[PDB]
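Below is start00.cif, which holds mmCIF, C-alpha atoms.
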```
data_my_file
#
loop_
_atom_site.label_atom_id
_atom_site.label_comp_id
_atom_site.auth_asym_id
_atom_site.auth_seq_id
_atom_site.Cartn_x
_atom_site.Cartn_y
_atom_site.Cartn_z
CA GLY A 2 0.00 0.00 0.00
CA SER A 3 2.97 2.34 -0.42
CA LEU A 726 2.61 5.49 -2.47
CA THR A 727 5.16 3.89 -4.76
CA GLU A 728 2.73 1.09 -5.42
CA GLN A 729 -0.37 3.34 -5.56
CA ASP A 730 1.34 5.72 -7.96
CA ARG A 731 2.33 2.71 -10.19
CA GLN A 732 -1.14 1.20 -10.19
CA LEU A 733 -2.72 4.60 -10.88
CA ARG A 734 -0.45 5.21 -13.89
CA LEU A 735 -1.22 1.73 -15.16
CA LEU A 736 -4.93 2.55 -14.73
CA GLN A 737 -4.50 5.72 -16.77
CA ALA A 738 -2.80 3.72 -19.51
CA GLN A 739 -5.51 1.07 -19.50
CA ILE A 740 -8.31 3.68 -19.73
CA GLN A 741 -6.52 5.12 -22.75
CA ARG A 742 -6.16 1.65 -24.29
CA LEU A 743 -9.91 1.07 -24.00
CA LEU A 744 -10.77 4.49 -25.40
CA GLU A 745 -8.45 3.93 -28.37
CA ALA A 746 -10.12 0.58 -29.04
CA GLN A 747 -13.43 2.46 -28.94
CA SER A 748 -12.24 5.15 -31.37
CA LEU A 749 -12.76 7.84 -28.72
CA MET A 750 -9.05 8.66 -28.32
CA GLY B 2 -11.98 -1.63 -32.75
CA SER B 3 -13.77 -4.99 -32.72
CA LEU B 726 -16.02 -5.90 -29.82
CA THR B 727 -13.51 -8.65 -29.17
CA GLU B 728 -10.86 -6.03 -28.58
CA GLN B 729 -13.18 -3.63 -26.69
CA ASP B 730 -14.42 -6.42 -24.44
CA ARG B 731 -10.74 -7.41 -23.72
CA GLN B 732 -9.62 -3.88 -22.96
CA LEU B 733 -12.69 -3.29 -20.77
CA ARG B 734 -12.01 -6.43 -18.71
CA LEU B 735 -8.38 -5.40 -18.36
CA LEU B 736 -9.62 -1.98 -17.19
CA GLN B 737 -11.83 -3.63 -14.59
CA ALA B 738 -8.85 -5.64 -13.35
CA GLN B 739 -6.62 -2.58 -13.21
CA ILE B 740 -9.21 -0.56 -11.24
CA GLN B 741 -9.34 -3.43 -8.75
CA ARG B 742 -5.54 -3.53 -8.56
CA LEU B 743 -5.41 0.17 -7.68
CA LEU B 744 -8.19 -0.13 -5.11
CA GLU B 745 -6.42 -3.08 -3.45
CA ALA B 746 -3.20 -1.06 -3.28
CA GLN B 747 -5.28 1.68 -1.65
CA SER B 748 -6.83 -0.69 0.91
CA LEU B 749 -10.31 0.06 -0.45
CA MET B 750 -10.90 -3.45 -1.86
#
```

In structure tokens, how does this file's structure come out?
Amino acid sequence: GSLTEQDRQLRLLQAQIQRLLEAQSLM
Amino acid sequence: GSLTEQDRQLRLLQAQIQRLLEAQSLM
């Protein structure tokens, strides 16, 4: 539960949102 | 942009949200 880990998982979340939106032709 | 791909990226998004929330001690 470190900030190191939270920060990593948040950035990976941001990437994965983008990946979905690109697959949807929205980004 | 297939549904195959959207469905995959959506499920990966769901997993990654969960991963963040577990790192945050919220799940």

Residues returned when the PyMOL selection byres ((chain A and resi 739) around 12) runs on this file, as a ChimeraX atom specification: /A:732-738,740-746 /B:729,731-740,742-743

Would you mind aligning chain B to chain A, a least-squares fit over all C-alpha atoms taken in order, and returning the superposed chain as a CSV table (one decimal) with C-alpha atoms, in the frame of the given file?
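Result went into superposed-v2.csv, see below:
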```
chain,number,residue,atom,x,y,z
B,2,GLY,CA,0.0,0.0,0.0
B,3,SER,CA,3.0,2.3,-0.4
B,726,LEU,CA,2.6,5.5,-2.5
B,727,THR,CA,5.2,3.9,-4.8
B,728,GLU,CA,2.7,1.1,-5.4
B,729,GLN,CA,-0.4,3.3,-5.6
B,730,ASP,CA,1.3,5.7,-8.0
B,731,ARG,CA,2.3,2.7,-10.2
B,732,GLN,CA,-1.1,1.2,-10.2
B,733,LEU,CA,-2.7,4.6,-10.9
B,734,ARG,CA,-0.5,5.2,-13.9
B,735,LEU,CA,-1.2,1.7,-15.2
B,736,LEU,CA,-4.9,2.6,-14.7
B,737,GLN,CA,-4.5,5.7,-16.8
B,738,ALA,CA,-2.8,3.7,-19.5
B,739,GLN,CA,-5.5,1.1,-19.5
B,740,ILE,CA,-8.3,3.7,-19.7
B,741,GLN,CA,-6.5,5.1,-22.8
B,742,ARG,CA,-6.2,1.7,-24.3
B,743,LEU,CA,-9.9,1.1,-24.0
B,744,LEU,CA,-10.8,4.5,-25.4
B,745,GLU,CA,-8.5,3.9,-28.4
B,746,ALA,CA,-10.1,0.6,-29.0
B,747,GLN,CA,-13.4,2.5,-28.9
B,748,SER,CA,-12.2,5.1,-31.4
B,749,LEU,CA,-12.8,7.8,-28.7
B,750,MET,CA,-9.0,8.7,-28.3
```

Target residues per the PyMOL selection byres ((chain B and resi 2) around 7), formatted as a PyMOL selection string: (chain A and resi 746-748) or (chain B and resi 3+726+728-729)
